[PDB]
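Residue numbers (PDB author numbering), protein chains in the order written: chain j, 1 to 122; chain S, 3 to 79; chain O, 1 to 87; chain P, 2 to 84.
We treat Cβ as the ideally placed atom computed from N, Cα and C, and that holds for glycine.
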Amino acid sequence: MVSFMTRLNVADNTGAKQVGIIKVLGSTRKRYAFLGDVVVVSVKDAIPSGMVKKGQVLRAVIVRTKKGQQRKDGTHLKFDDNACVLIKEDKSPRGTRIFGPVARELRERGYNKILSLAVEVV
Amino acid sequence: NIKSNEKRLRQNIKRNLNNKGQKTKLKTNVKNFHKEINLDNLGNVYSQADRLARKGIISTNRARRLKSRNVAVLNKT
Amino acid sequence: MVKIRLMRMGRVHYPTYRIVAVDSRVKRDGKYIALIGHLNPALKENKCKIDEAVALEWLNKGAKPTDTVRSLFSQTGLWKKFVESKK
Amino acid sequence: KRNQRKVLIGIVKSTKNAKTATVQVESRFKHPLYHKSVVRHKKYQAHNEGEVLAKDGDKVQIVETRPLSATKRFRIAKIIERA
RNA sequence: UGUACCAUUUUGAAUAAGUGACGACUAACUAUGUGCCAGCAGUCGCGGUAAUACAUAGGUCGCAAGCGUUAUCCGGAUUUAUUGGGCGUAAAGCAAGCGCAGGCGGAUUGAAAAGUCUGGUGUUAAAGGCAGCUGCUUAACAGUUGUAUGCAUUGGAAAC
RNA sequence: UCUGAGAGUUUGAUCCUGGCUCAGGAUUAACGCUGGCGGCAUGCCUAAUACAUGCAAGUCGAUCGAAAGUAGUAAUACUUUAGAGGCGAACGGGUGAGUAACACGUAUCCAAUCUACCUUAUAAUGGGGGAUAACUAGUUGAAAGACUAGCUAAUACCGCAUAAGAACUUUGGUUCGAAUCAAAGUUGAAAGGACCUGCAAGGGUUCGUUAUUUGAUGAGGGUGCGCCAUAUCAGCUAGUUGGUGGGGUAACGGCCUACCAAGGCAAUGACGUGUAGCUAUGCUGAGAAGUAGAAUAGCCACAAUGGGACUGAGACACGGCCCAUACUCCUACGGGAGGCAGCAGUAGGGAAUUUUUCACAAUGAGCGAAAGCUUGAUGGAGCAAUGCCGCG
RNA sequence: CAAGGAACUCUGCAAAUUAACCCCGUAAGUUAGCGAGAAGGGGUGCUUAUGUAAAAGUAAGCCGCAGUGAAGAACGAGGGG
Numbered sequence: 001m002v003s004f005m006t007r008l009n010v011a012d013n014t015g016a017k018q019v020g021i022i023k024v025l026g027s028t029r030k031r032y033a034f035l036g037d038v039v040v041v042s043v044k045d046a047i048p049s050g051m052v053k054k055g056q057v058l059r060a061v062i063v064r065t066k067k068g069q070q071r072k073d074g075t076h077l078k079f080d081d082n083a084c085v086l087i088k089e090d091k092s093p094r095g096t097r098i099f100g101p102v103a104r105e106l107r108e109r110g111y112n113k114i115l116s117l118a119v120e121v122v
Numbered sequence: 003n004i005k006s007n008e009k010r011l012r013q014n015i016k017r018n019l020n021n022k023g024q025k026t027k028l029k030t031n032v033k034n035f036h037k038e039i040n041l042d043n044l045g046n047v048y049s050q051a052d053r054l055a056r057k058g059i060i061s062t063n064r065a066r067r068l069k070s071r072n073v074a075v076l077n078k079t
Numbered sequence: 001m002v003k004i005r006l007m008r009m010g011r012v013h014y015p016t017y018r019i020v021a022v023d024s025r026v027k028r029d030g031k032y033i034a035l036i037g038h039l040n041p042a043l044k045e046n047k048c049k050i051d052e053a054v055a056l057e058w059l060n061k062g063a064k065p066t067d068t069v070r071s072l073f074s075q076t077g078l079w080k081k082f083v084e085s086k087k
Numbered sequence: 002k003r004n005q006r007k008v009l010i011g012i013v014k015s016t017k018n019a020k021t022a023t024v025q026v027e028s029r030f031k032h033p034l035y036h037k038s039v040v041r042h043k044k045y046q047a048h049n050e051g052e053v054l055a056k057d058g059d060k061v062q063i064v065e066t067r068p069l070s071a072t073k074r075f076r077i078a079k080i081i082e083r084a
C-alpha cells in the first residue's frame with residue numbers, strides 16, 4: 001500500500017536506486033496505489049552514469065508491494081519490498097532490463113512490454 | 003560455438019567421474035595408513051598409487067613424493 | 001617434432017626459400033636453431049645448394065623432412081649417406 | 002662440474018635476526034655516460050649455519066645456490082678473518 | 001591466367017601536365033587595378049593615389065605525376081656544453097661562519113689485483129645497416145657471403 | 001679507416017651576451033589543386049567502442065558396433081558416418097588495455113625442474129570382467145530437447161597372471177649432495193586393426209600397446225647487470241623478517257599451515273604519483289647519441305568484465321566448461337542464445353586509413369597407411385598517387 | 001498496531017531508536033589541552049575441556065526466533081547567529 005511520499009526501490013536498469021512518491025494518480029484523494037496503479041515519482045538517488053539525473057519528475061508503475069493484496073481466485077500475493085518501473089507516457093519502460101519478479105495484475109491494465117521484459121511473472 | 007568442443011564436453015565428464023573415484027580411494031587408503039601403520043597397508047598404498055602412475059590422473063612425481071614421505075614414517079623404527 | 005620445412009623469403013611472385021630446421025609448433029618464416037642452405041625454386045639446374053654440414057646432424061638427432069625437402073634430399077644423395085650410416 | 006660462482010667479498014652488517022646474517026657488497030662500476038667511477042652498496046642475505054658467529058666487521062665470501070627462502074638467497078662459501 | 005611476355009600483327013601524333021614562387025634571405029620582373037581599404041606574410045615587413053610584396057594580366061624561373069600547406073621527430077642548436085658552455089658590469093658566487101655524510105687528497109717500500117691493459121673460449125636469432133656479389137630489361141627491389149658490438153668466464157701484466 | 005658548410009633578425013652605426021626563425025632529411029600522414037601507365041612497399045595512430053551479415057580446425061571405416069544406400073537368389077562385396085573411439089584442439093590469427101617489474105634485453109645456474117607426437121637401443125604386445133552410446137519403447141515440447149526402462153561391440157574402462165630393467169625404501173662397502181655397483185622387500189605392464197603365408201600347426205610383414213635407456217625439443221623456476229619522470233612523494237611493510245614441525249607443489253620457497261621472536265626495505269630514493277608493452281630496429285646525427293617503438297621478427301600480456309576448476313602431458317583454454325556482472329538478440333510469455341581486438345563489412349568518432357574478392361596452384365599446419373579432406377593461416381586478385389622507382 | 005516514515009505541525013513538541021561490559025575502529029578543525037564514549041561495527045546463553053592465584057581469555061559441543069534473553073544505563077551528522 002504505497003502512499004504519498006513513499007521512498008521505494010526501483011526495478012530496472014535506468015539507474016534510479018532510490019525514488020520517492022510525489023503523487024498518486026487517477027482521482028482526487030486516491031492516497032493509495034495498489035499493484036498496477038500508475039504513479040508519478042521524483043528520483044532522489046541515482047548512479048553517476050544514469051539516463052536520469054537527480055531531481056527529475058517522472059511517472060512510474062508499481063510492480064512489487066510489501067503489504068500485498070487479495071487476488072480474485074483466493075490467493076494473496078505479497079512481496080517484501082516496494083518496487084516500480086520507469087514508464088514513458090504510453091506503456092514502455094525507460095529501461096531495457098527488469099530485476100526481480102513482477103505481479104500479474106499488470107497484464108490486464110496493459111504494460112505487456114514489462115511482462116515481456118520481466119524475468120519471471122508471478 | 004564449434005562442433006568439436008561439445009563432443010569433448012561429453013567425453014570429459016565420464017573420465018572425470020572415474021578419476022575422482024580413483025582419487026578418493028587413493029586418499030582413503032592414505033588415511034588408513036595414517037590411522038594404522040604396517041607394511042601391508044603401505045604396500046596397498048604403493049600399488050594403488052602405481053595404478054594411476056600408469057595414467058595421467060596423478061602426477062608421477064607426486065606419487066613418488068607421497069610414498070617417500072610414507073616410508074619416512076615407516077622409518078620410525 | 002622438429003621438421004625440415006620451407007620458408008618463403010622473397011618478394012611477390014618470386015619465392016626464394018631458405019631450407020630451415022624448425023620445430024613443428026612454430027609458424028611460417030619464424031625463428032629457428034640452425035640454417036640449411038637455401039633455394040630459389042624458379043631458377044633450375046642446381047640452384048639449390050645446401051650446406052650438408054649440420055643438416056645431417058639434425059637428421060641424426062631427430063628431424064623430419066617434407067616432400068619438397070624429400071626432393072632435395074633425393075638428388076644430392078642424403079639418403080645413401082643417411083640410411084646406411086643409420087645401421 | 003659446470004655450476005658457476007660469483008666470488009663477491011662482502012661485509013656483515015648485523016645478524017640480529019636469528020641464525021641469519023646481512024652482508025653488504027660494494028661493486029665498482031663506470032657511470033654509463035659520464036665515464037667516472039662510483040661504487041654502490043647492495044645488501045645481500047646469508048643465514049648463519051653456526052660454524053662461526055660473525056660479529057660486526059667480519060668480511061666473507063658468497064656462493065650461489067637454490068632459493069632457500071624469499072629475501073634469503075645466497076649462502077656462505079669462504080670466510081676471511083676480522084680486521 | 002591466354003598471365004606477363006614475344007611475334008617486321010591493325011590503325012594512328014595520334015591516348016595523357018600540372019604545380020609554387022618571382023623585395024631580401026633564395027634562382028625568377030613588367031604592366032593594370034586598389035590606395036592603411038580590400039588583402040599578404042616562415043623572418044625582416046608590405047599598401048594612407050606611380051606597390052617588382054595586395055588582386056589580376058603577361059613573362060620568367062623551382063619541382064613535376066605529383067606540387068604545395070599544416071602536424072610530428074632529429075639536425076643545424078656548442079641553445080643542457082662527457083666529448084662540448086659560463087658565473088665583475090650581459091641570466092648566474094648563497095650574507096658570513098662551525099661543520100657530519102660524500103667527493104678529492106704528500107712521499108717511500110711489499111703483497112694481493114677490484115679498476116685498468118692485453119691473450120684464449122663461449123655467447124650476443126633472422127631480417128635490417130655497411131661492403132662485395134648474384135638475379136630481376138636497370139634502379140625501386142629480391143637473394144648470397146663477409147662485416148661490427150657487449151657481456152660472462154678463463155691466462156697473464158702490475159705504471160697508476 | 002670514418003668524417004664537422006651556413007643565414008636573417010635587438011643598433012643612428014659597432015662588438016658581444018642572448019632568444020626566435022630559415023636553408024636538410026623523415027612520416028602508418030592528412031588537406032587544396034591537378035592526375036596517364038608500369039613495378040615495388042604500405043594502407044584506424046581516434047573507440048581493448050558496439051556490432052546486421054557470410055566464412056575462419058577439423059580429420060580418420062585398415063578402431064568399433066550399428067544405421068542408410070548400391071550390386072547380389074543367397075552367400076557376399078562396395079559407398080557415407082549420426083554416434084562411440086584416436087589425434088588435433090594449448091599451434092596458427094588479432095590487439096597492446098593492463099603491467100615501472102626478474103615484464104624485457106642480456107649472461108648465467110637449475111646438486112630444484114619436467115617435456116606426448118620426434119631419436120638410439122631392450123623386454124614383452126597373455127588371458128578375463130563389467131559397462132554405454134546409437135537403437136527401441138514411453139513421458140514430454142513446434143523445435144532445441146530432457147528424462148524414464150532393455151539391448152549391444154571396440155584401439156572406452158576395470159581387476160588377474162609374470163615383470164629385462166625400472167619406481168621407492170632396507171643392508172654393505174665407492175667417489176669429490178651428487179653416481180655407480182651388489183643383495184633384499186613392496187609394487188605396478190598392453191590392444192588389437194590390415195595383410196602375407198600356413199590344409200593345418202604355426203610363422204611372418206605393416207600399422208598399433210605398455211614398460212624401459214640416450215637424446216632432440218618446448219615450457220618453467222632463480223640470480224647478475226642494464227632497462228622513465230617525480231622529494232610541490234619521508235618513512236614504508238606484520239606472511240611483512242627470520243627459525244621450528246607438517247602439508248602442499250613438476251621442483252625451491254611464509255606458498256600455506258601450528259608454535260616462537262620483531263624484524264626487514266629506505267636519501268645510493270623506499271612507499272606513492274603519472275607515464276609506458278620490452279627488445280632488434282626505423283628517422284636523424286660525423287660522434288658521443290637524440291627520437292618513435294610503423295610494416296616485420298624474439299619475448300610478454302589479453303580474449304565483453306571479474307573469479308573458479310575439470311580434462312588434457314601441455315589451458316586456468318581467443319570461435320572449451322561453471323558462476324557472477326553489464327549489454328544485446330530471438331520467442332509460441334512457456335523460455336532460450338550470444339560474445340567481430342579472426343577475414344570481409346556496418347554504425348559512431350575522426351580530418352583520416354580498403355573488397356561483405358578467388359584458390360589450396362605453391363609453403364605450411366592438422367588428420368588420415370591411402371585416396372583425400374579443412375585452412376578469410378597462406379598464396380593470389382580489387383581498391384588507394386599514400387610512399388620509392390621507371391616510362392610516356 | 002499491518003503499509004508508509006514528518007506527509008503532522010508554528011517548530012520532529014511529544015513519543016520513538018541507542019544504551020552495561022569487553023574487543024576493532026575513529027575525520028575535519030584547534031589556542032595542540034581537545035575534538036571523542038566522535039563516527040561506524042563485532043561478542044555476551046549453557047555444558048565440557050583448557051584456563052591461572054581467582055577470573056578474564058581460548059578450543060570443542062548444544063539449544064532457542066531471540067542469549068547485559070527481565071529490571072538500569074549516551075540516538076547522531078552537517079551549516080549558521
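Exercise for the section: May I have the straight-line CA-CA distance separating O/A34 from O/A21, to the nearest angstrom? Expected result: 6 Å
Practice task
Alpha carbon to alpha carbon, how far is P/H48 from P/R76? Give it in angstroms, no decimals.
Solution key: 7 Å
Handout entry: Element boundaries [beta strand (DSSP E), containing P/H42]
Key = 38 to 42
Problem - Residues bridged to j/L58 (per DSSP) - result: j/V41
Exercise for the section: Rank j/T75, j/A83, j/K53 by C-alpha distance to the C-alpha of j/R64 and give the top, closest one. Expected result: j/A83
Handout entry: Nearest candidate by alpha-carbon position, reference O/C48, set O/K61, O/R18, O/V26
Key = O/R18
Exercise for the section: Could you please give the first and the last residue of the uninterrupted beta strand (DSSP E) stretch that includes j/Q18? Expected result: 18 to 24
Exercise for the section: State the CB to CB distance for the pair j/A103 and j/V122, rounded to an integer number of angstroms; the pair is presumed to be in contact (CB under 8 Å). Expected result: 7 Å
Exercise for the section: Apply the 10 Å Cβ neighbour rule to P/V13 and answer buried if 16 or more other Cβ atoms are within range, or exposed otherwise. Expected result: buried
Problem - Opposing strand residues paired with j/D12 [DSSP bridges] - result: j/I98
Handout entry: Distance between beta carbons of j/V40 and j/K17, contact taken as under 8 Å
Key = Their Cβ separation, rounded to whole angstroms, is 18 Å, which puts j/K17 and j/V40 out of contact at 8 Å.
Practice task
Determine, using beta carbons only, whether j/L86 and j/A46 come nearer to each other than 8 Å.
Solution key: no
Handout entry: Alpha-carbon spacing of P/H36 relative to P/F30, whole angstroms
Key = 9 Å
Practice task
Identify, in the order they occur along the chain, each residue of the same chain with its Cβ nearer than 7 Å to the Cβ of O/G10, setting aside the five sequence neighbours on each side.
Solution key: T16
Handout entry: Cut-off 6 Å between Cβ atoms - residues of its own chain near j/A33, not counting five sequence neighbours on either side
Key = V2, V24, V39, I62
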